[PDB]
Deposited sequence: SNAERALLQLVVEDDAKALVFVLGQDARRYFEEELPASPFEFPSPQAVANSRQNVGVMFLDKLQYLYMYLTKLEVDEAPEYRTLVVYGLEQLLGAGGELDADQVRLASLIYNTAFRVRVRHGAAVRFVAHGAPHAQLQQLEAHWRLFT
């Protein structure tokens, strides 16, 4: 359901938003079922971390909204999270919400398929700082 809503935002193209489509599975969904809206396909979390970092240091806010779609996929989330996944997930959350602190843009996480309960818990913790 969230996915379809994200698709609708993509099709309309009215909002100044940046969509990060993460992973091959998420890429296929976008292509199979589909300018102020930017779409960017990343199959490595390193890329997302670097881009969020860049968005933070850039002097001007460019997007009102940032959407991150597919985090579960690239974390390899199946079953409960191990320490390494908590580390990576928290790095992404902290960096993403750092953009909101810097430039005041909404930060949204959409899941492809079922969202991971523990990733939802981590996201809620970081959002308290914004």
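Gaps in the coordinates relative to the deposited sequence fall at 1, 36-52.
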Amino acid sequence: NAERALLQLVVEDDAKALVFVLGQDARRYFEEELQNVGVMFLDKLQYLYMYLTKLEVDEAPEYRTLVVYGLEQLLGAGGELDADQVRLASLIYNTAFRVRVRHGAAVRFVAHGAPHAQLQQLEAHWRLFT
From here on, numbers count along this sequence of modelled residues.
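With 65-73 and 36-44 compared on mean CA B-factor from the PDB entry, the stretch scoring higher is 36-44.
Mean C-alpha B-factor is higher over 6-14 than over the other stretch, the pair under comparison being 6-14 and 110-118. The entry assigns its greatest Cα B factor, within the set 28, 87, 98, 54, to 28. Residue 60: CA B factor in the highest third of modelled residues in this chain (values from the PDB entry).
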